[PDB]
Amino acid sequence: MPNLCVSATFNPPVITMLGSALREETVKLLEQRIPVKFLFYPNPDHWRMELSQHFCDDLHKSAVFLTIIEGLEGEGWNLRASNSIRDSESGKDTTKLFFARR
Amino acid sequence: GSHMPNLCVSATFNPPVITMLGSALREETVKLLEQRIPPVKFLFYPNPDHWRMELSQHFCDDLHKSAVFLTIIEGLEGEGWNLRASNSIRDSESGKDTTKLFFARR
Amino acid sequence: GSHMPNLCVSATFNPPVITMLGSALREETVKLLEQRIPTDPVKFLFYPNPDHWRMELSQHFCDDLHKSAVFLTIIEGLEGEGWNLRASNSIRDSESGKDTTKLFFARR
Amino acid sequence: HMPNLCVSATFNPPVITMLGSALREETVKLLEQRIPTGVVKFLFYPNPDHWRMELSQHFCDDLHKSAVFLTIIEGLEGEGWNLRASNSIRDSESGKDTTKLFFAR
Ligand SMILES: [Cl-]
Ligand SMILES: [K+]
Ligand SMILES: [Mg+2]
Ligand SMILES: [Mg+2]
């Protein structure tokens, strides 16, 4: 029952990926397309990419989400849902994207 | 259907409070999720009929919230419940966030 | 083809106000939701420009659990009427203290 | 296999942006006519290539935001772009709310 969660918080950009069936080959493709590597950590198993020097405005956030969706679509992961919040105290926004296999 | 069968899972943090609503939700599916999420139980309340679990002691950071959502979605997928939509808000006054997950049969 | 129209249902709390937009929404569907949502009964009223139906639940406050129940009953009721849930989003307004959720539906 | 599309709407005042590598100008012009009608031009900018409309100097209330979303979704569906997901946030300091709609062929 393979699902994937991608979470993106801004700014600066921090992208997390969770899903037991996620391949390192897929992580590498997103590394290359999100225009600086994803580092793996266990418990829970996940990939993290932080771009500490970068600032993404609203349009660039839209662009990051498209590259993630498109990259994952080519690798057999289908977008099923998204949600987002903003934290007034930190000034950060966090978006989650949820994917499933076909 | 009576009301064609859908499910709503809502999760508020922190501390974690998980609620599960849906006419066709069986107690056996609630018991499977009880095991995956973590020895805390869902309690049943009526009107609206639903199951509530509170992890009074626990604190979930963003990564662990993502993990909770993923475990809920994967456990429900195996039970025949497909994720259709999600939404979320944060309350600045309380510092709590609430995410809702909507599921339908396959 | 064009294809079929879409539906947007929005709900703001509190107090609970439900609005429904969509050219192809039939009165029979509104009437079914009138009966399902509260569970003198409250009604949807029609207003033009933009054309929509509006219901307020009678001065209530709906806790987070009751908000989940309203959304489920809307989705379930519309699914039986041939409207399929495609997307949802929500925001909270810190200054009014109100939260708004949108549900978007397409024909099957 | 195909590029996806993101339409973002921020209020107020209402500003609509469209981002998608495969978006045709006829689609943009169709929305250009449908949006003010449901409630002036989309202008092209680079880096990344996108389309931007300042729909009005007048403020949209919640009902008119609903109506903008619906007219966008309906117009894009007729052009072969299917709604897959949405998300939204509100910024308390700026007082602006931003909604993103994601579409696929
Ligand atoms: Cl959302
Ligand atoms: K969806
Ligand atoms: Mg959503
Ligand atoms: Mg939100």
# chains A, B, ... in the order shown; residues from 1 in each chain; ligands from 1
>>> residues_near_ligand(ligand="ligand 3", cutoff="10 Å", atoms="only C-alpha atoms and all ligand atoms", output="ChimeraX atom specification")
/A:80-84,95-98 /B:84-88,99-102 /C:86-90,101-104 /D:84-88,99-102
>>> write_last_selection(atoms="N, CA, C and O atoms", output="compact mmCIF listing (two decimals), in the first residue's frame")
# COMPACT_ATOMS: atom_id res chain seq x y z
N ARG A 80 -2.37 12.85 -4.91
CA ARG A 80 -3.72 12.54 -4.40
C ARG A 80 -4.24 13.69 -3.58
O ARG A 80 -5.46 14.00 -3.65
N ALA A 81 -3.39 14.48 -2.94
CA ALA A 81 -3.90 15.56 -2.06
C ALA A 81 -2.79 16.52 -1.67
O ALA A 81 -1.62 16.17 -1.76
N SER A 82 -3.18 17.71 -1.29
CA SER A 82 -2.24 18.69 -0.74
C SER A 82 -2.89 19.53 0.36
O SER A 82 -4.06 19.73 0.33
N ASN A 83 -2.10 20.06 1.28
CA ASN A 83 -2.61 21.02 2.26
C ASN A 83 -1.50 21.95 2.68
O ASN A 83 -0.36 21.61 2.43
N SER A 84 -1.85 23.10 3.22
CA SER A 84 -0.80 24.04 3.66
C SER A 84 -1.26 24.86 4.87
O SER A 84 -2.46 25.04 5.11
N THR A 95 3.73 23.25 3.27
CA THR A 95 2.81 22.54 2.35
C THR A 95 3.16 21.07 2.34
O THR A 95 4.33 20.70 2.18
N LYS A 96 2.14 20.23 2.42
CA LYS A 96 2.24 18.80 2.26
C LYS A 96 1.60 18.36 0.96
O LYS A 96 0.58 18.81 0.58
N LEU A 97 2.30 17.47 0.28
CA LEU A 97 1.83 16.77 -0.94
C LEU A 97 1.83 15.25 -0.69
O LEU A 97 2.85 14.66 -0.25
N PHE A 98 0.71 14.63 -1.00
CA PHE A 98 0.52 13.21 -0.75
C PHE A 98 0.36 12.47 -2.07
O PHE A 98 -0.41 12.88 -2.90
N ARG B 84 -8.77 11.08 -0.92
CA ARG B 84 -9.37 11.93 -1.98
C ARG B 84 -8.99 13.39 -1.82
O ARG B 84 -8.93 14.14 -2.84
N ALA B 85 -8.79 13.89 -0.59
CA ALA B 85 -8.54 15.36 -0.42
C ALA B 85 -7.99 15.53 1.01
O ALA B 85 -8.13 14.65 1.91
N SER B 86 -7.40 16.68 1.20
CA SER B 86 -6.88 17.10 2.52
C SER B 86 -6.98 18.60 2.66
O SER B 86 -6.94 19.32 1.66
N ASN B 87 -7.04 19.06 3.88
CA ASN B 87 -6.95 20.53 4.14
C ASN B 87 -6.35 20.73 5.51
O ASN B 87 -6.25 19.79 6.29
N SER B 88 -5.85 21.93 5.75
CA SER B 88 -5.22 22.20 7.04
C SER B 88 -5.37 23.68 7.38
O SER B 88 -5.35 24.56 6.48
N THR B 99 -5.38 19.23 10.68
CA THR B 99 -5.38 18.69 9.34
C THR B 99 -6.51 17.70 9.20
O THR B 99 -6.67 16.88 10.08
N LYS B 100 -7.23 17.79 8.11
CA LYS B 100 -8.32 16.85 7.80
C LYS B 100 -8.01 16.06 6.53
O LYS B 100 -7.50 16.63 5.55
N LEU B 101 -8.27 14.77 6.59
CA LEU B 101 -8.05 13.83 5.49
C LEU B 101 -9.38 13.21 5.12
O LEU B 101 -10.04 12.67 6.03
N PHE B 102 -9.74 13.20 3.86
CA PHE B 102 -11.02 12.68 3.36
C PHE B 102 -10.78 11.45 2.48
O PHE B 102 -9.94 11.53 1.55
N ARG C 86 -13.15 16.46 -5.55
CA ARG C 86 -11.88 16.55 -6.26
C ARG C 86 -10.80 17.24 -5.43
O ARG C 86 -9.62 16.86 -5.56
N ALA C 87 -11.17 18.20 -4.59
CA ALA C 87 -10.16 18.99 -3.90
C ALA C 87 -10.79 19.71 -2.70
O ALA C 87 -11.99 19.93 -2.67
N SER C 88 -9.94 20.07 -1.74
CA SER C 88 -10.42 20.89 -0.62
C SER C 88 -9.26 21.79 -0.17
O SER C 88 -8.12 21.43 -0.27
N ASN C 89 -9.57 22.92 0.45
CA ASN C 89 -8.56 23.78 1.11
C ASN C 89 -9.22 24.56 2.24
O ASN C 89 -10.42 24.67 2.28
N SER C 90 -8.42 25.03 3.13
CA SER C 90 -8.94 25.82 4.24
C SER C 90 -7.93 26.87 4.68
O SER C 90 -6.70 26.73 4.49
N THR C 101 -13.43 26.76 4.74
CA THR C 101 -13.05 25.58 4.02
C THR C 101 -13.83 25.52 2.72
O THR C 101 -15.05 25.68 2.73
N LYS C 102 -13.13 25.24 1.64
CA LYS C 102 -13.71 25.05 0.34
C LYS C 102 -13.60 23.57 -0.10
O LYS C 102 -12.61 22.91 0.15
N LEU C 103 -14.67 23.09 -0.72
CA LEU C 103 -14.76 21.71 -1.23
C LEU C 103 -15.13 21.88 -2.71
O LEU C 103 -16.19 22.53 -3.04
N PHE C 104 -14.40 21.23 -3.60
CA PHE C 104 -14.67 21.37 -5.04
C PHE C 104 -15.05 19.99 -5.61
O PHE C 104 -14.41 18.98 -5.28
N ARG D 84 -6.56 18.45 -9.68
CA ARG D 84 -5.99 17.33 -8.87
C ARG D 84 -5.92 17.64 -7.37
O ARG D 84 -6.03 16.73 -6.55
N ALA D 85 -5.67 18.90 -7.00
CA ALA D 85 -5.44 19.24 -5.59
C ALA D 85 -5.55 20.75 -5.46
O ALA D 85 -5.42 21.52 -6.44
N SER D 86 -5.74 21.15 -4.22
CA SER D 86 -5.70 22.57 -3.86
C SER D 86 -5.15 22.73 -2.45
O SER D 86 -5.24 21.83 -1.62
N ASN D 87 -4.68 23.93 -2.14
CA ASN D 87 -4.22 24.27 -0.79
C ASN D 87 -4.31 25.79 -0.64
O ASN D 87 -4.41 26.52 -1.63
N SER D 88 -4.35 26.19 0.60
CA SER D 88 -4.46 27.63 0.89
C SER D 88 -3.82 27.99 2.21
O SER D 88 -3.79 27.17 3.13
N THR D 99 -4.46 30.93 -2.43
CA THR D 99 -4.95 29.60 -2.81
C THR D 99 -4.28 29.08 -4.08
O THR D 99 -4.23 29.81 -5.10
N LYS D 100 -3.76 27.88 -4.02
CA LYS D 100 -3.15 27.18 -5.17
C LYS D 100 -4.01 26.00 -5.65
O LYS D 100 -4.52 25.25 -4.84
N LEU D 101 -4.18 25.95 -6.96
CA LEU D 101 -4.94 24.91 -7.67
C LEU D 101 -4.00 24.21 -8.61
O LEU D 101 -3.34 24.88 -9.42
N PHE D 102 -3.94 22.88 -8.50
CA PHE D 102 -3.01 22.08 -9.31
C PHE D 102 -3.80 21.23 -10.31
O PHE D 102 -4.74 20.53 -9.89
>>> select_by_dssp(residues="chain D", states="strand (DSSP E)", output="ChimeraX atom specification")
/D:5-11,15-19,43-45,50-54,82-91,96-104
>>> interface_residues(of="chain C", to="chain D", cutoff="8 Å", atoms="only C-alpha atoms", output="PyMOL selection string")
chain C and resi 1-3+5-8+10+19+21-22+49-50+86-95+102
>>> write_last_selection(atoms="N, CA and C atoms", output="mmCIF file, in the first residue's frame")
data_model
loop_
_atom_site.group_PDB
_atom_site.id
_atom_site.type_symbol
_atom_site.label_atom_id
_atom_site.label_comp_id
_atom_site.auth_asym_id
_atom_site.auth_seq_id
_atom_site.Cartn_x
_atom_site.Cartn_y
_atom_site.Cartn_z
ATOM 1 N N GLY C 1 -17.022 16.681 -22.378
ATOM 2 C CA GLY C 1 -16.467 17.514 -23.532
ATOM 3 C C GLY C 1 -15.963 18.863 -23.033
ATOM 4 N N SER C 2 -16.813 19.571 -22.304
ATOM 5 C CA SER C 2 -16.538 20.987 -22.027
ATOM 6 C C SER C 2 -16.159 21.196 -20.543
ATOM 7 N N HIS C 3 -16.118 20.127 -19.689
ATOM 8 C CA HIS C 3 -16.854 18.852 -19.748
ATOM 9 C C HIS C 3 -18.263 18.991 -19.190
ATOM 10 N N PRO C 5 -20.253 20.907 -15.623
ATOM 11 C CA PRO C 5 -19.972 22.001 -14.717
ATOM 12 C C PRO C 5 -19.326 21.400 -13.462
ATOM 13 N N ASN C 6 -18.895 22.299 -12.612
ATOM 14 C CA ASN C 6 -18.251 21.957 -11.329
ATOM 15 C C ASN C 6 -19.110 22.606 -10.231
ATOM 16 N N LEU C 7 -18.812 22.285 -8.994
ATOM 17 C CA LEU C 7 -19.517 22.811 -7.828
ATOM 18 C C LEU C 7 -18.463 23.206 -6.822
ATOM 19 N N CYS C 8 -18.693 24.323 -6.155
ATOM 20 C CA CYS C 8 -17.862 24.761 -5.021
ATOM 21 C C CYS C 8 -18.769 24.905 -3.811
ATOM 22 N N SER C 10 -18.576 26.157 0.146
ATOM 23 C CA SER C 10 -17.687 26.803 1.107
ATOM 24 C C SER C 10 -18.390 26.812 2.456
ATOM 25 N N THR C 19 -22.234 27.998 1.843
ATOM 26 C CA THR C 19 -22.591 28.535 0.522
ATOM 27 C C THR C 19 -22.266 27.491 -0.552
ATOM 28 N N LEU C 21 -22.018 27.093 -4.819
ATOM 29 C CA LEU C 21 -21.950 27.732 -6.155
ATOM 30 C C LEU C 21 -21.813 26.660 -7.205
ATOM 31 N N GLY C 22 -22.468 26.870 -8.332
ATOM 32 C CA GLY C 22 -22.428 25.941 -9.462
ATOM 33 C C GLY C 22 -23.695 26.038 -10.291
ATOM 34 N N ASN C 49 -25.673 36.630 -8.549
ATOM 35 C CA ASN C 49 -24.545 37.572 -8.821
ATOM 36 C C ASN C 49 -23.493 37.625 -7.669
ATOM 37 N N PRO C 50 -22.756 36.499 -7.391
ATOM 38 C CA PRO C 50 -22.812 35.278 -8.183
ATOM 39 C C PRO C 50 -23.932 34.408 -7.643
ATOM 40 N N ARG C 86 -13.148 16.464 -5.553
ATOM 41 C CA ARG C 86 -11.876 16.554 -6.265
ATOM 42 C C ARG C 86 -10.797 17.243 -5.432
ATOM 43 N N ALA C 87 -11.171 18.199 -4.590
ATOM 44 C CA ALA C 87 -10.164 18.989 -3.896
ATOM 45 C C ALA C 87 -10.788 19.715 -2.702
ATOM 46 N N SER C 88 -9.944 20.066 -1.744
ATOM 47 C CA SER C 88 -10.418 20.891 -0.621
ATOM 48 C C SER C 88 -9.260 21.787 -0.168
ATOM 49 N N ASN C 89 -9.574 22.920 0.452
ATOM 50 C CA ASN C 89 -8.563 23.783 1.109
ATOM 51 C C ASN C 89 -9.222 24.557 2.242
ATOM 52 N N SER C 90 -8.416 25.026 3.130
ATOM 53 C CA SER C 90 -8.945 25.818 4.245
ATOM 54 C C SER C 90 -7.929 26.872 4.675
ATOM 55 N N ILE C 91 -8.483 27.926 5.280
ATOM 56 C CA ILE C 91 -7.665 28.960 5.942
ATOM 57 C C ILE C 91 -8.297 29.320 7.292
ATOM 58 N N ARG C 92 -7.519 29.968 8.148
ATOM 59 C CA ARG C 92 -8.064 30.595 9.371
ATOM 60 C C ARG C 92 -7.656 32.042 9.389
ATOM 61 N N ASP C 93 -8.567 32.897 9.820
ATOM 62 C CA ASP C 93 -8.359 34.363 9.901
ATOM 63 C C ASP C 93 -8.198 34.669 11.384
ATOM 64 N N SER C 94 -6.986 35.040 11.775
ATOM 65 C CA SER C 94 -6.596 35.224 13.196
ATOM 66 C C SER C 94 -7.380 36.394 13.810
ATOM 67 N N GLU C 95 -7.804 37.352 12.980
ATOM 68 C CA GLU C 95 -8.399 38.629 13.472
ATOM 69 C C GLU C 95 -9.915 38.487 13.686
ATOM 70 N N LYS C 102 -13.133 25.238 1.641
ATOM 71 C CA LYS C 102 -13.712 25.045 0.337
ATOM 72 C C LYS C 102 -13.599 23.570 -0.103
#
>>> atom_distance(atom1="CA of residue 28 (chain B)", atom2="CA of residue 72 (chain B)")
14.1 Å
>>> interface_residues(of="chain C", to="chain B", cutoff="12 Å", atoms="only C-alpha atoms", output="MDAnalysis selection string")
chainID C and resid 32:33 36:39 62:105
>>> residues_around(residues="residue 15 (chain B)", least_positions_apart="6", cutoff="8 Å", atoms="only C-alpha atoms", output="count of residues only")
7
>>> closest_residue(among="A:3, A:11, A:20, A:78", to="ligand 2", atoms="only C-alpha atoms and all ligand atoms")
A:78
>>> interface_residues(of="chain A", to="chain B", cutoff="12 Å", atoms="only C-alpha atoms", output="count of residues only")
50
>>> residues_around(residues="region 62-66 of chain A", least_positions_apart="4", cutoff="7 Å", atoms="only C-alpha atoms", output="list in words")
residues 34, 58 and 70 of chain A; 4 and 6 of chain D
>>> write_last_selection(atoms="N, CA and C atoms", output="compact mmCIF listing (two decimals), in the first residue's frame")
# COMPACT_ATOMS: atom_id res chain seq x y z
N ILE A 34 15.02 20.24 -8.83
CA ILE A 34 14.72 21.36 -7.88
C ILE A 34 15.90 22.34 -7.95
N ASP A 58 6.38 33.49 -3.65
CA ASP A 58 5.19 32.71 -3.99
C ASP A 58 5.28 32.01 -5.36
N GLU A 70 5.77 16.81 -11.00
CA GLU A 70 6.14 16.28 -12.33
C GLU A 70 7.21 15.21 -12.17
N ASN D 4 2.42 19.72 -15.64
CA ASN D 4 1.26 20.07 -14.81
C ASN D 4 1.11 21.60 -14.87
N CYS D 6 -0.13 25.07 -12.33
CA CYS D 6 -0.47 25.65 -11.03
C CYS D 6 -1.11 27.00 -11.26
>>> residues_around(residues="residue 49 (chain D)", least_positions_apart="2", cutoff="9 Å", atoms="only C-alpha atoms", output="list in words")
residues 19, 20, 21, 44, 45, 46, 47 and 51 of chain D
>>> write_last_selection(atoms="N, CA and C atoms", output="PDB file, in the first residue's frame")
ATOM      1  N   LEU D  19       1.141  29.205 -13.943  1.00  0.00           N
ATOM      2  CA  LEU D  19       2.480  28.678 -14.195  1.00  0.00           C
ATOM      3  C   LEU D  19       2.352  27.269 -14.739  1.00  0.00           C
ATOM      4  N   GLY D  20       2.858  27.046 -15.912  1.00  0.00           N
ATOM      5  CA  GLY D  20       2.836  25.708 -16.492  1.00  0.00           C
ATOM      6  C   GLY D  20       3.513  25.772 -17.855  1.00  0.00           C
ATOM      7  N   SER D  21       4.491  24.913 -18.046  1.00  0.00           N
ATOM      8  CA  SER D  21       5.375  24.889 -19.222  1.00  0.00           C
ATOM      9  C   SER D  21       4.595  24.583 -20.508  1.00  0.00           C
ATOM     10  N   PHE D  44       2.285  38.411 -19.651  1.00  0.00           N
ATOM     11  CA  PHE D  44       3.355  37.405 -19.630  1.00  0.00           C
ATOM     12  C   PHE D  44       4.593  38.021 -18.996  1.00  0.00           C
ATOM     13  N   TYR D  45       5.240  37.244 -18.133  1.00  0.00           N
ATOM     14  CA  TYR D  45       6.532  37.597 -17.483  1.00  0.00           C
ATOM     15  C   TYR D  45       7.472  36.389 -17.508  1.00  0.00           C
ATOM     16  N   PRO D  46       8.812  36.571 -17.481  1.00  0.00           N
ATOM     17  CA  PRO D  46       9.722  35.420 -17.395  1.00  0.00           C
ATOM     18  C   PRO D  46      10.214  35.027 -15.977  1.00  0.00           C
ATOM     19  N   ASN D  47      10.950  33.910 -15.902  1.00  0.00           N
ATOM     20  CA  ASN D  47      11.854  33.568 -14.771  1.00  0.00           C
ATOM     21  C   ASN D  47      11.057  33.361 -13.495  1.00  0.00           C
ATOM     22  N   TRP D  51       1.976  33.800 -16.325  1.00  0.00           N
ATOM     23  CA  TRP D  51       0.942  34.764 -16.700  1.00  0.00           C
ATOM     24  C   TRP D  51       0.396  35.345 -15.423  1.00  0.00           C
TER      25      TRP D  51
END
>>> atom_distance(atom1="CA of residue 61 (chain C)", atom2="atom 1 (Cl, counted along the ligand's line) of ligand 1")
21.8 Å
>>> atom_distance(atom1="CA of residue 9 (chain C)", atom2="CA of residue 43 (chain C)")
15.4 Å
>>> decode(residues="region 10-21 of chain C", atoms="N, CA, C and O atoms", output="compact mmCIF listing (two decimals), in the first residue's frame")
# COMPACT_ATOMS: atom_id res chain seq x y z
N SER C 10 -18.58 26.16 0.15
CA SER C 10 -17.69 26.80 1.11
C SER C 10 -18.39 26.81 2.46
O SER C 10 -19.60 27.06 2.49
N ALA C 11 -17.62 26.65 3.51
CA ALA C 11 -18.20 26.67 4.86
C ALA C 11 -17.28 27.53 5.73
O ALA C 11 -16.08 27.20 5.83
N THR C 12 -17.87 28.51 6.41
CA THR C 12 -17.19 29.37 7.35
C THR C 12 -17.81 29.14 8.71
O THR C 12 -19.01 29.04 8.81
N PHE C 13 -16.96 29.08 9.70
CA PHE C 13 -17.34 28.95 11.12
C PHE C 13 -16.54 29.98 11.93
O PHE C 13 -15.41 30.25 11.60
N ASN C 14 -17.10 30.58 13.01
CA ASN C 14 -18.47 30.56 13.45
C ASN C 14 -19.04 31.97 13.38
O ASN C 14 -18.30 32.94 13.47
N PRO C 15 -20.38 32.12 13.26
CA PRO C 15 -21.30 30.99 13.22
C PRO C 15 -21.26 30.29 11.86
O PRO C 15 -20.68 30.81 10.90
N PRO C 16 -21.83 29.06 11.80
CA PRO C 16 -21.72 28.21 10.61
C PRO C 16 -22.54 28.76 9.44
O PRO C 16 -23.75 28.90 9.50
N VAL C 17 -21.83 29.05 8.34
CA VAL C 17 -22.50 29.57 7.10
C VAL C 17 -21.99 28.73 5.94
O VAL C 17 -20.75 28.67 5.72
N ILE C 18 -22.91 28.09 5.25
CA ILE C 18 -22.56 27.20 4.13
C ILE C 18 -23.09 27.84 2.85
O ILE C 18 -24.27 28.21 2.75
N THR C 19 -22.23 28.00 1.84
CA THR C 19 -22.59 28.53 0.52
C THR C 19 -22.27 27.49 -0.55
O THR C 19 -21.23 26.82 -0.45
N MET C 20 -23.10 27.42 -1.57
CA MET C 20 -22.94 26.46 -2.67
C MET C 20 -23.05 27.20 -3.98
O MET C 20 -24.06 27.88 -4.20
N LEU C 21 -22.02 27.09 -4.82
CA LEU C 21 -21.95 27.73 -6.16
C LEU C 21 -21.81 26.66 -7.20
O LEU C 21 -21.13 25.72 -7.02
